[PDB]
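Basis: the model, the stated rules and, where named, an outside source; no laboratory instrument gave them. Backbone-built Cβ (ideal geometry, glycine too); neighbour counts: all protein chains shown.
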Ligand SMILES: CC(C)CCC[C@@H](C)[C@H]1CC[C@H]2[C@@H]3CC=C4C[C@@H](OC(=O)CCC(=O)O)CC[C@]4(C)[C@H]3CC[C@]12C
Ligand SMILES: CC(C)CCC[C@@H](C)[C@H]1CC[C@H]2[C@@H]3CC=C4C[C@@H](O)CC[C@]4(C)[C@H]3CC[C@]12C
Ligand SMILES: [Cl-]
Ligand code: NA
Ligand code: NA
């Protein structure tokens, strides 16, 4: 074998901490605290992090390092009856990059658009504005801010799209920015870990520089502490509600990004006796720690808007791309030395996305390299052909209705697909493979068996955790609608196929593999449930 | 609570084979790695082989790899070591040591089972009584002896008056000289105790069905 | 093979005193992987200290461990007679697992002269072609003792078997048996047999002798 290894343990730590901390650390976690009882939200968030998140995060890093192979190989190497898990997972990562790179593109567009004396998104008297323009955020739908109109009429031109059917013209300025993103990713992933673990030194460390200069800037504004009150004033009545417990559960799970083959990919290049347990606890903490810090970078200036700009806190305390692309830029437009805070903020967004996307596409090439050696031998050729497909169909996200395209895939293509995949990930290692086997495996690696706490989490609460999250996602389900636009019913049907296409690889491969080996039934399960290492 | 006894042992001809076994008790044997570590008559502890809790990870020393084989029976809770192609450098007490977590070492150790490997043949001893020289001074203390010469192999049990005399007794360790063991013991008893109360050394050599008493009488 | 040597090989020490013994790995080992084992005479080893400094269950707080990398040490705060044993360091850092050379701990003690006792060959051994004269030297300190066999005044050097006992657990003394073996023929051709013990306790040797007549 003789597999490639990280050219330094910090290269692995940086590229994992990088992959783990992203935009959901800035534009989802602080809201939740605010929405769900301030600082009291940390009680269910932490317990759900200890019993449901960190267990699954730790588990995938061990299976990566222990089995020394990519996603599809490891699961076939582990339990062949469920080798489809590697395929479904790789398909999800293959789907995500078709659209979730556009966030790094929008970030690069605001970066390019910030080389100016007065930022554009502050005034209401541009050619792209409407009479319903307001200087700042409000609460009536038909009247938007100058930054909301700037984002949805100049950068997006979404006003020129009647829906998902109406993609309209193609914004060539945006198609260039998306090309730059795929160039940033290539010459950082074509040579592999040699450069990947090194380029991530910039993408994973820069946001902490930006978070610092933006924390001292936000905490020294007139009205910063008022936001810290909103962000953290504890209202322990939330803990009783079940929805907030699920809010804490679903945020904990996705913010660590497991069951996507990335941890399985990055860890496979570790040394066999690396203390992966220590690495799991360290990197996972820094993920939530970066989120705890970001909430101050956000809500300090979020209170500065309520104070000096006279805005309802409810009208600016948002989540998702709205938080980073309209309201926070609108507040930067008012503070002295505005153009500087914009550039460090917008490339904080970019460097947050790149290190995370790195792991996703790396999860693909490692898994495919470990299965098809003539593309393991042609990595810089293969990965040059992957982003080519990405740039082709990725032109849909640069069309005038590109956001309607982005929002549809965001709410179907990878959400539910990754929950049932990890649910089968969790029971394949605990029940089929066995905690006794899995614990015995990492005792060989790190010298000690995982505590009874860790495997009682891998065996019982992990399926309940994922079931709890899926139930609350299905309970609050509605047909997809953005702003005043309701999607057609065929568009909802398209999203479920994208959801099923990956996860169908579990039973479809399980079927195709089952009736492809000889013997009786029970004589066949013992074939498809004996691991590769046990039979040498 | 936890306990470990080692079974098997004995003497083997060079090149012969033998299988030792360790019966584990008082704990969940299936979730603890086990290891064999021996120490020669020259008191040098030497690790032999480790087997994982599930038997799927096994490490050997360079000196026994190929010849020795380690195994687990987690049904009856027995740890095994199959030895083949034995050399003389393999004679030692063999310890069955519980040691899962490497950072916390070997928790519990067995009593040990002893292995000998020699071309030499089994011989029973000829035990001799040792009375003091003829007609000398009492001195309120008289030392009697018991010579156990020319036996093989170890061990032998020497005890005085069925074990009731445990004071003033010095049983010397056995010395191997040209494929034979010689052993001696000394008891000092007050001059009013002997020969008024007779003294006897009880030699036992189970390796040769030997059980000899011998009275210490003057001349 | 990470060879670990220990020093000293055997050290005596008075009770109440403190002792330090070292363990020198030929290659660096992590702190969490070096352990210490106490083994008393005629008994299986016991986990004494794990991860350099952590005491096992039962070992008293007068024991401590320290060191790192290639140099490690075991220290007893105030030695007791129940610590007379051999102490082994072990590395669990990489295979093959290796144990140290061992440090034998003995108790210091006031000097003591040996009580010499000579024995002629019994009539049972004499019927067969055999004749072994045994000499006992019991309850002395320190351990070093020397014997010379004189057969009719001229020393005989070859054909003897010496055995040293372990340090007693009562008086902390030693005892040595020396056994000169002859044929019945060459035995019955000499009249006086002698056993001299040259110890530190005397300039002149404590000699014991006898004659084949009585
Ligand atoms: C909001 C941010 C800034 C702080 C979030 C708090 C978490 C980082 C802390 C709070 C509860 C902690 C968890 C509480 C419990 C445990 C069980 C614990 O298990 C053991 O005690 C060791 C078991 C063994 O191997 O013997 C391991 C640490 C862990 C996962 C902690 C990991 C770090 C957690 C999640
Ligand atoms: C945002 C401001 C206020 C504080 C930011 C915290 C920064 C400075 C902290 C948080 C996570 C830390 C990194 C986490 C992990 C590692 C890997 C370690 O092997 C070398 C140091 C390194 C690279 C740390 C450098 C400092 C670090 C980036
Ligand atoms: Cl988070
Ligand atoms: Na990221
Ligand atoms: Na995240």
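Checking each residue of region B:133-151 against the condition of being more than 8 Å from chain C (Cβ to nearest Cβ), assigned to a loop (DSSP other than H, G, I, E, B) and over 25 Å from residue C:193 (Cα atoms) gives no match. Determine which member of the set A:103, A:92 is within 16 Å of ligand 4 (Cβ to nearest atom), assigned to a helix (DSSP H, G or I) and under 16 Å from the mean Cα position of the chain (by Cα). Answer to the selection: A:103. Restricting attention to region B:36-71, the residues that are touching a residue at least 40 places away in the same chain (Cβ under 8 Å) and either more than 28 Å from residue B:174 (Cβ to Cβ) or outside the structural domain of residue B:105 (by CATH) (or both) total 2.
Listed here are the residues, each with its yes/no results for (1) under 20 Å from residue B:145 (Cα atoms); (2) free of Cβ contacts under 8 Å to residues at least 40 places away in the same chain.
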position: C:114; (1), (2): yes, no
position: C:162; (1), (2): yes, yes
position: C:174; (1), (2): yes, yes
position: C:188; (1), (2): no, no
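Residue A:290 falls short of the stated requirement of being at negative phi and away from ligand 3 (no atom under 15 Å from the Cβ).
The residues in region B:152-172 that are touching a strand residue (DSSP E or B) at 6+ places or on another chain (Cβ under 7 Å) and either closer than 23 Å to residue C:139 by Cα or at the interface with chain C (Cβ under 9 Å from one of its Cβ atoms) (or both) can be counted, and the count is 11. I want to confirm something. Restricting to region A:19-40 and keeping residues that are part of a loop (DSSP other than H, G, I, E, B) and within 15 Å of ligand 4 (Cβ to nearest atom), which single residue is farthest from the other protein chains (Cβ to nearest Cβ)? Only one residue fits best here, namely A:27. In region C:114-125, the count of residues that are surrounded by 16 or more Cβ atoms within 10 Å (Cβ to Cβ), on the phi > 0 side of the Ramachandran plot and not in a strand (DSSP E or B) is zero. Taken together, the criteria place residue A:228 among residues that are within 16 Å of ligand 1 (Cβ to nearest atom), surrounded by fewer than 20 Cβ atoms within 10 Å (Cβ to Cβ) and more than 27 Å from residue A:417 (Cα to Cα).
Inspect region C:120-128 for any residue being within 30 Å of residue C:12 (Cα to Cα) and not assigned by CATH to the domain that holds residue C:16 and give the result as yes or no. Within region C:120-128, none of the residues are within 30 Å of residue C:12 (Cα to Cα) and not assigned by CATH to the domain that holds residue C:16. Only a single item in (1) in contact with a helix residue (DSSP H, G or I) (Cβ under 6 Å, 6 or more places away or on another chain); (2) more than 17 Å from residue A:51 (Cα to Cα); (3) within 14 Å of another protein chain (Cβ to nearest Cβ) is not met by residue A:510, and it is number (3).
Among the numbered conditions (1) more than 16 Å from ligand 1 (Cβ to nearest atom); (2) surrounded by fewer than 19 Cβ atoms within 10 Å (Cβ to Cβ); (3) closer than 20 Å to residue A:341 by Cβ, the only one that residue A:208 does not meet is (1). Taking the criterion of being under 15 Å from residue A:56 (Cα atoms) and within 16 Å of ligand 1 (Cβ to nearest atom), the residues of region A:255-276 that qualify are A:255, A:256, A:258, A:276.
Residues checked against (1) assigned to a strand (DSSP E or B); (2) over 30 Å from residue B:135 (Cα atoms):
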position: C:88; (1), (2): yes, yes
position: C:96; (1), (2): no, yes
position: C:105; (1), (2): yes, yes
position: C:110; (1), (2): no, yes
position: C:134; (1), (2): yes, no
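Restricting the first member to region A:525-536 and to residues that are facing another protein chain (nearest Cβ under 10 Å), and the second to residues that are assigned to a loop (DSSP other than H, G, I, E, B) and surrounded by 12 or more Cβ atoms within 10 Å (Cβ to Cβ), the beta-carbon pairs closer than 7 Å and six or more apart or on different chains are A:531/A:79; A:534/B:56. In the set (1) surrounded by 13 or more Cβ atoms within 10 Å (Cβ to Cβ); (2) farther than 20 Å from residue C:163 by Cβ, the condition left unmet by residue B:162 is number (1).
Screening the candidates A:43, A:16 for the property of being more than 13 Å from ligand 3 (Cβ to nearest atom), more than 14 Å from chain C (Cβ to nearest Cβ) and farther than 30 Å from residue A:233 by Cβ yields one hit, A:16. Checked against the criterion of being under 30 Å from residue C:82 (Cβ atoms) and more than 11 Å from every other protein chain (Cβ to nearest Cβ), region C:158-167 contains one or more residues that satisfy it. Every listed requirement among (1) within 16 Å of ligand 2 (Cβ to nearest atom); (2) in contact with a helix residue (DSSP H, G or I) (Cβ under 8 Å, 6 or more places away or on another chain); (3) farther than 15 Å from residue A:64 by Cα is met by residue A:285 save one, (2).
With region C:22-80 as the region, which strands (runs of 3 or more DSSP E) entirely inside it contain at least 2 residues that are buried (at least 20 other Cβ atoms within 10 Å of the Cβ) and within 8 Å of chain B (Cβ to nearest Cβ)? Those strands (runs of 3 or more DSSP E) span C:34-39, C:46-50.
Flag set for residue A:202, criterion: surrounded by fewer than 20 Cβ atoms within 10 Å (Cβ to Cβ) and within 14 Å of ligand 2 (Cβ to nearest atom). State all residues of region A:302-360 that are within 16 Å of ligand 5 (Cβ to nearest atom) and either surrounded by fewer than 18 Cβ atoms within 10 Å (Cβ to Cβ) or assigned to a loop (DSSP other than H, G, I, E, B) (or both); if no residue qualifies, say none. Hits for region A:302-360 are A:319, A:320. Within 16 Å of ligand 5 (Cβ to nearest atom), more than 14 Å from chain C (Cβ to nearest Cβ), touching a helix residue (DSSP H, G or I) at 6+ places or on another chain (Cβ under 7 Å) and at negative phi: does that describe residue A:226? In short, no.
Filtering region A:3-18 for residues that are within 14 Å of ligand 5 (Cβ to nearest atom), assigned to a helix (DSSP H, G or I) and closer than 30 Å to residue A:327 by Cβ leaves a non-empty set.
When residues in region C:137-177 are screened for being part of a strand (DSSP E or B) and under 14 Å from residue C:209 (Cβ atoms), 8 of them pass.
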